[PDB]
Amino acid sequence: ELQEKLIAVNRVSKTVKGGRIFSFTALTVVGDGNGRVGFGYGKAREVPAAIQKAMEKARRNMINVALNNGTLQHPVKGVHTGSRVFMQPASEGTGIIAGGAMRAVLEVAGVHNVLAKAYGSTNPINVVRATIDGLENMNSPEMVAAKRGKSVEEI
RNA sequence: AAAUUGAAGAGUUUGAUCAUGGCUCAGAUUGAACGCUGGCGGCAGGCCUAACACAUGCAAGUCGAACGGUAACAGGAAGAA
Ligand SMILES: [Mg+2]
Ligand SMILES: [Mg+2]
Ligand SMILES: [Mg+2]
Ligand SMILES: [Mg+2]
Ligand SMILES: [Mg+2]
């Protein structure tokens, strides 16, 4: 039932006496379709070993986001290295309109209706990093009520 | 009752990387042209250039119920046949 998505595969290279050593990298996300998302990143000489190492990482290192009927609480900004990220809770019917890197994160997360956009570097590893943290710092109508010490209508 | 209730990214500097930064692509749009091709219809559009120059026709007339009027054609008439 966990949902897992392959976001990007890439070839890097290391240089030695004999020449270049080629390897691969894999960036993935797993999610429970109901408010939990992890991302993983693995390296290996062959692609399958890399796509597999990443899922393994993605399964742990997983976090919770305070969803709201399949959509977000409030607009949110996320940032990590080059990537400035922005997300909005859209009305019902829209679905996920977003770049590939973000769509995969939001899909597996369970965010059903959102407007998203990535600014600056669309480098996938940092875009997803920035989205996860955005969702993670995203606070909930109940916690702000708890924080402020009042269960007014706003609860 | 309804009536802006909406927003995607990709390639390319490096051995590889992240950042910076330009170039390039996917989209809509057009009073278009050219190349290949071309059956019918409805609705629209059609000198963007030389406010360059223009043969010919046509594009501003109408009223005899303002007026003297008859030259055309149309009848009518004492009177010519
Ligand atoms: Mg940039
Ligand atoms: Mg090279
Ligand atoms: Mg022809
Ligand atoms: Mg016509
Ligand atoms: Mg003309």
Side-chain angles (χ1 to χ4, degrees), chain A residues 2-58 61-63 65-141 144 153-154:
Chain A
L2 83 82
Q3 207 177 349
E4 70 183 21
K5 288 231 167 305
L6 178 74
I7 303 187
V9 181
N10 268 111
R11 193 178 63 149
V12 301
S13 106
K14 182 185 189 310
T15 294
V16 283
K17 273 281 185 157
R20 304 179 170 89
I21 293 181
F22 288 95
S23 84
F24 294 96
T25 81
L27 171 79
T28 55
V29 285
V30 295
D32 74 341
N34 207 277
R36 301 191 63 227
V37 201
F39 94 86
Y41 180 84
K43 312 175 57 32
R45 198 153 294 215
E46 284 175 4
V47 184
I51 48 103
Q52 193 172 358
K53 278 185 183 194
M55 304 297 182
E56 253 153 16
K57 301 284 237 293
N61 184 247
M62 197 157 173
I63 54 79
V65 46
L67 292 217
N68 192 326
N69 315 134
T71 214
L72 307 162
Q73 294 295 350
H74 56 275
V76 64
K77 262 146 75 167
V79 67
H80 193 302
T81 306
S83 307
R84 287 180 291 183
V85 143
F86 164 88
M87 287 171 289
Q88 257 188 249
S91 177
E92 172 220 348
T94 78
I96 334 177
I97 73 95
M102 295 178 133
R103 166 168 296 173
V105 175
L106 290 157
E107 206 181 316
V108 306
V111 189
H112 278 130
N113 295 291
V114 279
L115 303 173
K117 179 139 216 317
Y119 293 106
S121 146
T122 67
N123 184 327
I125 170 179
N126 282 336
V127 171
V128 310
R129 216 131 172 161
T131 301
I132 301 299
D133 292 348
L135 297 175
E136 173 181 39
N137 74 26
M138 180 180 83
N139 57 52
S140 166
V144 316
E153 85 156 351
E154 148 229 317

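The chains referred to below are lettered A, B, ... by the order of the sequence lines, with proteins before strands, and numbering in each begins at 1.
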Atom pairs and distances, side-chain donor-acceptor, residues 119-140 of chain A, under 3.5 Å, sequence neighbours left out:
| residue | atom | partner | partner atom | Å |
| --- | --- | --- | --- | --- |
| A:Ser121 | OG | A:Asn123 | N | 3.0 |
| A:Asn123 | OD1 | A:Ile125 | N | 3.3 |
| A:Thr131 | OG1 | A:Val127 | O | 3.0 |
| A:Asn137 | ND2 | A:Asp133 | O | 3.4 |
| A:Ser140 | OG | A:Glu142 | OE1 | 2.6 |

*For B:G45 versus B:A26, give the span between their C1' atoms, rounded off to a whole number of Å.*
30 Å
*Could you check A:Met87 against A:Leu106 for side-chain contact (heavy atoms from CB on, under 4.5 Å), going step by step and ending with a plain yes or no?*
CA-CA 10 Å; A:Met87 287 171 289; A:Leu106 290 157; 4.0 Å; yes
*asked:* Could you go through A:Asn34 and A:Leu67, starting from their C-alpha distance and side-chain angles, then the distance that decides it, and tell me whether this counts as side-chain contact (heavy atoms from CB on, under 4.5 Å)?
replied: CA-CA 8 Å; A:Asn34 207 277; A:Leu67 292 217; over 6 Å; no
_Taking the six-membered rings only, are the centres of B:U20 and B:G21 under 5.5 Å apart with their planes within less than 30° of each other?_
yes
_Students often get this wrong, so: under 4.0 angstrom with heavy atoms, is A:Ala118 touching a base, only sugar-phosphate, or nothing?_
sugar-phosphate
*Round to the nearest Å and state the distance from A:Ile97 atom CD1 to B:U5 atom P.*
14 Å
_Inter-nucleotide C1' distance (B:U70, B:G75), Å rounded_ = 16 Å
*Using the P atom in both, what is the distance from B:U29 to B:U24, to the nearest Å?*
23 Å
*What string of B, S and - do you get for nucleotides 15-22 of chain B, 5' to 3', if B is base contact, S is sugar-phosphate-only contact and - is no contact with any protein heavy atom under 4.0 Å?*
BS-SS---
_Pairwise P distance, B:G9 and B:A19 [rounded to whole Å]_ = 15 Å
_I want to know if B:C54 and B:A55 are stacked - that is, whether their six-membered base rings have centres under 5.5 Å apart and planes under 30 degrees._
no
_Given RNA chain B, 5'-ward residue of the pair A:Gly100 and A:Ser91, judged by closest heavy atom_ = A:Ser91
*asked:* What verdict does the side-chain contact (heavy atoms from CB on, under 4.5 Å) test give for A:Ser23 and A:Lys43, after you've listed the backbone C-alpha separation in whole Å, the side-chain angles of each residue and the deciding distance to 0.1 Å?
replied: CA-CA 7 Å; A:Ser23 84; A:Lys43 312 175 57 32; 3.9 Å; yes
_Taking the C1' atom in each of B:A7 and B:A28, what is the distance between them to the nearest angstrom?_
16 Å
*Side-chain donor-acceptor pair under 3.5 Å between A:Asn113 and A:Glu92, yes or no?*
no
*With respect to A:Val85, which candidate in A:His80, A:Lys77, A:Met102 satisfies the side-chain contact (heavy atoms from CB on, under 4.5 Å) definition?*
A:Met102
*Verify stacking: B:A10 then B:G11, 5.5 Å distance, 30° angle limits*: yes
*Heavy-atom pair of closest approach, residues A:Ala104 and A:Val29*: O-CG2, 3.9 Å
*Rounded interatomic separation in angstrom, taking CG from A:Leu72 and P from B:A7*: 16 Å
*B:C40 and B:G39, neighbours in the strand: six-membered ring centres under 5.5 Å and planes under 30°?*
yes
*Which value, in whole Å, describes the distance between the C1' atoms of nucleotides B:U62 and B:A66?*
15 Å
*Using the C1' atom in both, what is the distance from B:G41 to B:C48, to the nearest Å?*
30 Å
*To the nearest Å, how far apart are A:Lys117 NZ and B:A10 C1'?*
13 Å
_Contact summary for A:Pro75 and A:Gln88, nearest pair of heavy atoms_ = CB-CG, 3.8 Å
*Residues A:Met62, A:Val30; criterion side-chain contact (heavy atoms from CB on, under 4.5 Å); working and verdict*: CA-CA 8 Å; A:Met62 197 157 173; A:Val30 295; 3.8 Å; yes
*Taking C1'-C2'-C3'-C4' as the guide, is B:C23 a north (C3'-endo side) or a south (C2'-endo side) sugar?*
north
*Under 6.0 Å from the CD atom of A:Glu154, do we count more than 12 heavy atoms belonging to anything else shown?*
yes
*Do B:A44 and B:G45 pass the stacking test of six-membered ring centres within less than 5.5 angstrom and planes tilted under 30 degrees?*
yes
*In whole angstroms, how far is the P atom of B:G9 from the CD1 atom of A:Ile7?*
13 Å
*Of all heavy-atom pairs between A:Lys53 and A:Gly42, which one has the smallest distance, and what is that distance?*
CB-CA, 4.1 Å
*Range-with-range stems for RNA chain B, at least three Watson-Crick or G-U pairs under 3.5 Å*: B:9-12 with B:22-25
_Pairwise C1' distance for B:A33 and B:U49, with rounding to whole Å_ = 13 Å
*Check the chi torsion on B:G6 and let me know: syn if it falls within 90° of 0, anti if not.*
syn
*Integer-rounded Å distance: B:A8 P and A:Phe86 CZ*: 11 Å
*asked:* Reading RNA chain B from 5' onward, which residue's closest nucleotide shows up sooner: A:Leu115 or A:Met102?
replied: A:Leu115
